[PDB]
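Let me give you the structure first, and then I'll get to my questions.
Naming follows writing order (A, B, C, D, E, F, G and H), and every chain is counted from residue 1.
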Amino acid sequence: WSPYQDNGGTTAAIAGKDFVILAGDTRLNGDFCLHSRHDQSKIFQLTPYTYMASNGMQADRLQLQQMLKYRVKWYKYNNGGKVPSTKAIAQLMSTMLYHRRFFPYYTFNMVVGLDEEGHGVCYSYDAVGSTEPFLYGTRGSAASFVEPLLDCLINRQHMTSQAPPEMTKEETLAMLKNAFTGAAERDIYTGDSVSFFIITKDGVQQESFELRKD
Amino acid sequence: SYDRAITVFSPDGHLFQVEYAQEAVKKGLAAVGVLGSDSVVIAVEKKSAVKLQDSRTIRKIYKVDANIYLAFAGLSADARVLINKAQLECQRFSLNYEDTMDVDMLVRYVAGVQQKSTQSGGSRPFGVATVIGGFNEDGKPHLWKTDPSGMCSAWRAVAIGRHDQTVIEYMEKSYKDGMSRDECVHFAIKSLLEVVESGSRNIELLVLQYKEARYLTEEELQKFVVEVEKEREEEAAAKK
Amino acid sequence: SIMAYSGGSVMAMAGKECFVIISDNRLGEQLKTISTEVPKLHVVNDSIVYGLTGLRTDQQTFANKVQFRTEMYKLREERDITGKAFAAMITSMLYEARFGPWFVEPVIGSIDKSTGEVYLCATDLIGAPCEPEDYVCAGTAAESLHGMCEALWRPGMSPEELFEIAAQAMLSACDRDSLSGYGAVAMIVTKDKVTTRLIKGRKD
Amino acid sequence: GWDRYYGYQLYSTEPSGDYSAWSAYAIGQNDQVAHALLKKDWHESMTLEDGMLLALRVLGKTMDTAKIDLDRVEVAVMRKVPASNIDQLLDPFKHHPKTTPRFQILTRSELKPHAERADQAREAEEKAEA
Amino acid sequence: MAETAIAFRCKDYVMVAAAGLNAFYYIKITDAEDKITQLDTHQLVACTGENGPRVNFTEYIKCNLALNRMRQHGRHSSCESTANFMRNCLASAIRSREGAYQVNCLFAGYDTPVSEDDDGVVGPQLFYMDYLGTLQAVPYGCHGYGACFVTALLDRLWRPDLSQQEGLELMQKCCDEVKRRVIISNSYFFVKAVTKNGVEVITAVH
Amino acid sequence: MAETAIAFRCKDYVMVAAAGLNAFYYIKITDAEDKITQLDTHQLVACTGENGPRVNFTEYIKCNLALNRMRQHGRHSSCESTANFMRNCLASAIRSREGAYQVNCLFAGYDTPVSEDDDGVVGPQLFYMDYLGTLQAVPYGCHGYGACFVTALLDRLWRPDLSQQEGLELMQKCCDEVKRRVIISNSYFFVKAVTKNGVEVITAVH
Amino acid sequence: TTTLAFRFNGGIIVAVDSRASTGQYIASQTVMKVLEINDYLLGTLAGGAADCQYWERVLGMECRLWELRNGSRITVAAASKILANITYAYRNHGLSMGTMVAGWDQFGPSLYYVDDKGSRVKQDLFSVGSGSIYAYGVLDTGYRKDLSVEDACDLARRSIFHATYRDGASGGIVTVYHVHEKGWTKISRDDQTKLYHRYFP
Amino acid sequence: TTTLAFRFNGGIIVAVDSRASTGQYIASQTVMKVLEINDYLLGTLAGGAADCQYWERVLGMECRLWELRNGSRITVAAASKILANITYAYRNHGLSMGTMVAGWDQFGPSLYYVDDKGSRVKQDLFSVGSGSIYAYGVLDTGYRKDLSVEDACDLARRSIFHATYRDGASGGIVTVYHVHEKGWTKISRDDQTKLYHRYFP
């Protein structure tokens, strides 16, 4: 018996000027079977402006989502109802991944939220909490498909051409569908349906999208 | 274990076990220290010339650090336990920080131990008051004073022990700021023989300089007492 | 192995009204000589002399705990420790640390001052008591000493002729062992006197 | 006891944690009396036979007894004897000192030559009283 | 073991020498790092090993000798009392949680009479030690890779009646042999000496 | 790997340098052993490795170049034909009974026109090799522990138009860096050079 | 990682890359490998990414608590001894971190170096990381104590570059700092690919 | 086993011990560490006792068959190359032997050394075995090329002795040979215990 197990799936996020698009496919799978196709336990809401979006092991995912859930509640009780920012949550994430360094979580995390200025910033983590603010991020089994793809079309590097204007919410969303329709073709542990979260200052809207079932 | 609350409050907001620990210091031997420009002197009472005491001369002012020395007043058994906590703290400091300990750091530790015994179960306060003097790594002479309540404060001329207020109100109207070395030893003698009897074998004075500490012997102390004894005759002649 | 790290062999024989004890002079680290003038014997009183072999770090640490316990025995009980009480004392010390065991093998020789009975004892590293009436031996050359001591011993020996057998048994066994040698230091002891002799050996 | 740091030492111990070094001291009944009698005659360059005769003579003063009795007096001396248990052969690189200190307690055969010198010294200061 | 320590005692001095090399698996960090820690005014120790346990063992030994001089009114303890305090820290660490100190050291000192009643040792002291807790008083001791080159050199040339200059040119032969056969580049050797007037840092032999 | 080989080619010469250290696990056997084998009058190879396979590989290569000059009437083959014959012996030995050669080598040479119909290479040749059978023509190649110290040194200072003296003082900087950072004592470096007049043993840089 | 730093007549210059690779995959390219401890200290990063960012944030907490209690700045001889006692305490716990501290205390400059095993050394010239062996040969050739401020910034920026060019675990954006008596200033911040067409046009 | 041989102005002096130990038990004390190959060559033995005595008996057969076919003596450069090609052929077969060949051919002397892995080196000064590291430091201190015949016999007998005194795997009876132009002569054969009361009376 081994107490670690990879449950597939991928999560990707692209942050804009006053928004973040956050996505993650709904597909749970085990040893060689397919457990489910409708797991919503991959992206978790902490505050109305900051989400966490983790994947890897499904059992240690649900435990990390709850300990993150109540450290926000002790923050809210001890500060007079003040909701924590993205920078406060993502440093809370970076410490708790190191407090369990010798029996760690088999999760790979992304804290996704808005700034105090309103701009969206995504963070990424290893298994022990190496953080960095960055404009996008892709974790999971299909990370090596999508993270070079997001390098080629967001940074606009190695292309002798002038810069396009700033990406809207719609042109970011239609871009991010081209990655999950690309990861459903070439990765066997990825893709039944991907759920898009659009975090704006006037609440969050939620969409769904269909991928290949095989 | 036994941890019943001993140091409690009075119906007038006083701590009885602290006010009664200060009374044990007011019967202790008087110790006077003044602050100069390049030197620190501290003089203690050194109970008597017992003639039965050992010919090996016993120091009253104890060494705590290389540059920080300490003199106390109160119960001599409580003060020995207090200093072996402070002598253990200097070797905790230069094992975790690779530095010589400042004078203001050691006094905040000893005052932290005095206050910690005033808020424990089964513990009475320490019945000692200390005068701590020493230099930093950059010169800067210092002189400190802790009470049994645990309050640290740095002074320009300090006196503890029996007749606490008697010396301090005397040497706040005769203190000259920025003395030399020979003026400090002369000023510590004339403040200490105000309280102790006129004997010459019951003063133990010490001069602190930078990386050089010199205890005064028998015959060197005879030179400074006579210069004080001839001047206090002039001070009485100035009154009449 | 850890037991043959430092080198050194200690043995003892029993005579009529006397016993001998003899160690070598070598200290080492598995092939190389660290010192050439180091005995392994220890004397606690005028009746008991014991020798330690094994790991030299444990040869000094255990002998400090023995001297801590032998001198505390003389303060509590107003008397010198006897041979049967000393051998049963450090038998118990090697059994308390049975899972973290000391790497010593004490070779105890003792005698009664008033009666004249010799008492030999050689425990293992885990404290196994064993009292032969003829001889005891421990160390790296211990397998060579059971041949030398058993083919040369007889029960009725004088103190002068028991030394001659124990000395030729130590040296002939250390000429076949490459972790023991460099002379030998012996100690014959009767009811009346203690004589300590240093013996010529090969400097190889 | 003797150490190599300051030689022969003598200490008191109070039931409060306080101690003090001394050259002569008294604890028990009439310790305030026996301090003054030791203060009247103690000098630096004093031998052990002059110190043991000082020790027995002040002991008879407090319990007001001429002809000091040996059944009611216990003595013990702390001096250095020549070292006998030196074993240079099993310790080749260890140095042994020449003389070692030995705490001992005198018997009745050892204290009778010293108790008959303290009453005579009391008798020597008795013929010159009037 | 890559760095050697060489020490020999004579009639009125103890020479020590320790190569000041510090490396990172093949990369020379330093060439002049002092590895002979001055414990007391008449005592020093030449520890070898990696730089992790070597500082943390010597600072624990040095601050406890100084603490035992604070609590004992500035009375300097003997060299055997310091050496037996050292191997107590080696022997209690091989049976502990944190593990054994990987330090090999040579203790050196000179015994002076602290008072007129002291009739102890007058001569010099030199103690071989180990990482396990072995302690041995020895005429000369050596650690490192080049130890076996120079221990048999001191079998040939060491004499108990060597002078300050004759033992100074012996240590120069001790340093030139390690430069000749050992593949590890030991170029600067930090020669110090303990005499009746304290320690002294010899500039000539390097 | 304990011994370094440094080689760089320029407009009309190829410098080589190989430390002449031979050791037995920490004991310096030699300090002057020639490790740059003169294969032909215009070709040489600077092999590194232990002394077992290093002689037996170079003697097999050298005696077969000489045999191919016996059977072909003294006609000297090109430097690429020798280098491709060498890596055939490395690559066929990693899949054999006796095992792989543990030799790392730098081939060097100068191409001269053997007749009037030869219109091949005129310039110098320098080939990096490996123990597996990797072959790469390179502007400068380095082996050993100190290779990474000096390959980034030649990233800084090497120029294609260096002269005989300017590349001679560059190789002196190459030898002084290995003495400065590598713990392995490389003191004598055997600098040779291949020019249009054959090989030459440079005495100055050591 | 190819962090280096050296000490000269005029202060201390710290120079890093910005690349974090988890083997043969490059995780990131904008990693800050200098955690400024406060406005007069610096700390560097090599080895494990989480082991460095945790304990130099612990080190930045013990330096701030020093100034609150004692009212004065912490020295660098006390700052590394905090980091070395932490590191030696966890030497059997498999940590991987190699960090330099650099700062201007009241005794001038000092450039220390702490292992993951409790070592602390005091020199004027270091280069740490997997590609540091490339950064020594170009730095030891051109180092001298009395360099100017501009030439030592040029020697540091050029010595990072020749190791980023050769090591697979090094590269990105070369960041050069300068520790003078008033604190530290970020000198330059430039890409390694842009820096290739300056040094070899 | 401690075994050395050196080259000087006057020939080659070979000096050995005579001890064979199986770990901590000493098997024998009269082992001839020098196998004379013929009346102008020598060969020493170190490492495995059977691996040396076999292949230096094979080497003594290939040197005798050389003289039968070619009518002349074999050189030392051909004699070691026979032993080195044998040794390199069995480098994966776990052999343990380290041997020096020494002799006077028509080109003066030459002193070689063959591993168990196929190496062959040409120097003037060797010391092989487990206790060789003790025999270097007393020999490198007192070696020079123009020693006399008696002093170089004294330096070899004294350098073996300080290795037998310190190493547990070396000892016995120090055997000193001398290779001059007419062949070899057994100089001395003396016990190590008798040799202690000569050098330290």
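The rule is short, and it goes like this: contacts are C-beta pairs under 8 Å (C-beta built on N, C-alpha and C of every residue); 3 or more make two chains touch, one makes a residue touch a chain.
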Distance in touch steps, counted as few as possible, from subunit E out to subunit G: 1
Listed pair (F-H, E-H or F-G) duplicating the E-G contact set, over half by residue number: F-H
Innermost chain, where centres are averages of C-alpha coordinates: E
Where subunit D and subunit E are represented by their mean Cα positions, the distance between them in whole Å: 45
Averaged-CA centre spacing for the pair subunit F and subunit C, given as whole angstrom: 64
Subunit A and subunit C: spacing of chain centres that average the CA atoms, whole Å: 73
Subunit G and subunit H: spacing of chain centres that average the CA atoms, whole Å: 55
Shared interface positions of subunit F, touching two or more other chains: 27, 180-181
Multi-chain contact sites of subunit G, meaning residues that touch two or more partners: 133, 136
Chains grouped in pairs wherever the two touch, ordered by label: A-G, B-D, B-E, B-G, C-D, C-E, C-H, D-E, E-F, E-G, E-H, F-G, F-H
Touching residues on subunit F, where the partner in the complex is subunit G: 148-153, 155-157, 173, 177, 180-181
Subunit B residues within the subunit D interface of the complex: 51-56, 58, 75-78, 80-81
For the subunit B and subunit G complex, residues of the former touching the latter: 96-99, 102, 104-105, 108, 138
Residues of subunit F that touch subunit E when the two form their complex: 2, 21, 23, 26-28, 145, 179-185
Residue numbers on subunit C that touch subunit H, as the complex places them: 4, 7, 28, 30-33, 140, 175-179, 202-204
